[PDB]
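K.L.:
first piece of the complex, coordinates kept as in the full assembly:
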Amino acid sequence: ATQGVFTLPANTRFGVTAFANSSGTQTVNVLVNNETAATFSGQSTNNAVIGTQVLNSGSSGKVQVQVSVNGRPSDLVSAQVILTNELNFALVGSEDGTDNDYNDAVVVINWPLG
């Protein structure tokens, strides 16, 4: 099934943050309305933040997260969680190798802000 695609409320500010836990350099692309709005790149095996950004969901609200390592797309896992019917989380995990820990690039999207 398709992973890493989330439908946010339109024209809403959201935060996106990426962590790295891999020997390979992780590249995270954040797509809004099917067009690249942010790109994070970095390497770390200690959960270092390779990028954090505030974006706008745009007119369609469609937000897609893509992860790649040296041009090869990573396998993604994703889910959305809503707490007390207000606080939203869009979580993405990714695997670039064989150990299947799916933390090589961890992307957290949270909204609302402010």
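P.N.:
Arrived safely, thanks for sending. Numbering: from 1, shown residues only, chains lettered A, B, ... in the order given.
K.L.:
pull the number of nearby residues for residue A:52.
P.N.:
Residue A:52 is flanked by 13 other residues according to other CB atoms under 10 Å. C-beta: built from backbone N, CA, C; applies to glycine.
K.L.:
in this structure it contacts residue A:16, no?
P.N.:
Yes. Using CB atoms under 8 Å, residue A:52 makes contact with residue A:16 at a distance of 7.2 Å.
K.L.:
residues in contact with the residue sitting furthest away from the middle of chain A?
P.N.:
For chain A, the residue at maximal distance from the C-alpha centroid (CA atoms, centre = their mean) is residue A:84, at 22.5 Å. Going by CB atoms under 8 Å, 6 or more residues apart in numbering, residue A:84 touches no other residue.
K.L.:
distance check, it against residue A:57.
P.N.:
21 Å (CB to CB, to the nearest Å).
K.L.:
before we move on, what about residue A:13?
P.N.:
In terms of CB to CB, residue A:13 sits 8 Å off from residue A:57.
K.L.:
cool, and residue A:95?
P.N.:
Relative to residue A:57, and taking CB to CB, residue A:95 is found at 27 Å.
K.L.:
with residue A:96 instead?
P.N.:
On the measure of CB to CB, residue A:96 and residue A:57 end up 28 Å apart.
K.L.:
ok, now residue A:110?
P.N.:
Counting by CB to CB, the gap from residue A:110 to residue A:57 is 12 Å.
K.L.:
determine the longest strand present in chain A.
P.N.:
strand A:35-56 (DSSP state E).
K.L.:
parallel or antiparallel, list what pairs with that one.
P.N.:
strand A:13-32 (antiparallel) (DSSP bridges).
K.L.:
what sits opposite residue A:16 in the beta ladder?
P.N.:
Following DSSP bridges, residue A:16 is listed with bridge partners residue A:53, residue A:109.
K.L.:
put this one in as chain B:
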Amino acid sequence: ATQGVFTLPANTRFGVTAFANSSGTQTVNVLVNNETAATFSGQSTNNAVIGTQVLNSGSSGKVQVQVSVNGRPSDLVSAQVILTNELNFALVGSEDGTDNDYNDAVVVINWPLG
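P.N.:
One more piece, chain B, placed on the ones above:
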């Protein structure tokens, strides 16, 4: 019900990251084995990271997140979500006022690392 308390695997490294979305300074306390392991403090209305760190779940694996503003404890919402039976997220939201957006301090715990 009790919120902000998660049972992690024992002696396991985990990342903890806090965001701020409020006019008040957020004080986030991360407890391990009922003892304060880390304290984040900052103010932001644009989802700025007021703290990110790698900690150890300890001999019991008990991790508690506490949030307070000007000494007054905030109301917490929390849940844990596991993706592909391996990737773990512990999420915390907090409310310091009356608008009930529960993003004033957002804490995300993720494991495993590396």
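K.L.:
same question on the contacts of residue A:84, but with chain B included?
P.N.:
Residues near residue A:84 by CB atoms under 8 Å, 6 or more residues apart in numbering or on different chains: B:77, B:93, B:100, B:102.
K.L.:
number of residues surrounding the first one?
P.N.:
Counted with other CB atoms under 10 Å in any protein chain shown, the burial measure for residue B:77 works out to 18 neighbours.
K.L.:
hmm, it is touching residue B:103, no?
P.N.:
No. In this structure residue B:77 lies outside contact range of residue B:103 using CB under 8 Å: 10.2 Å.
K.L.:
circling back: secondary structure and distance to residue A:9 added to the contacts of residue A:84, as CSV?
P.N.:
What follows is the contacts of residue A:84, written out as CSV (DSSP: H, G, I helix; E, B strand; the rest coil; distance: CB to CB, whole Å):
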residue, secondary structure, distance to residue A:9
B:77, strand, 19
B:93, strand, 17
B:100, coil, 17
B:102, coil, 16
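K.L.:
apart from its neighbours in sequence, what residue is nearest residue A:51?
P.N.:
residue A:40 (2.9 Å; CB to CB, 6 or more residues apart in numbering or on different chains).
K.L.:
roughly how far does that neighbour sit from chain B?
P.N.:
13 Å (CB to the nearest CB, to the nearest Å).
K.L.:
give the bridge partners for that residue, please.
P.N.:
residue A:28.
K.L.:
hang on, the earlier thing: among the contacts of residue A:84, who's most crowded?
P.N.:
Result: residue B:93 is most packed of those (other CB under 10 Å), 28 neighbours.
K.L.:
now that one, which residues is it bridged with?
P.N.:
Bridge pairing for residue B:93 - DSSP bridges - gives residue B:77.
K.L.:
quick one: contacts for it?
P.N.:
Residue B:93 touches A:83, A:84, A:87, B:76, B:77, B:78, B:102, B:103, B:105, B:106, counting by CB under 8 Å, 6+ apart.
K.L.:
which of those sit farthest apart?
P.N.:
The span of the contacts of residue B:93, defined through CB to CB, is set by A:84 and B:105 at 14.5 Å.
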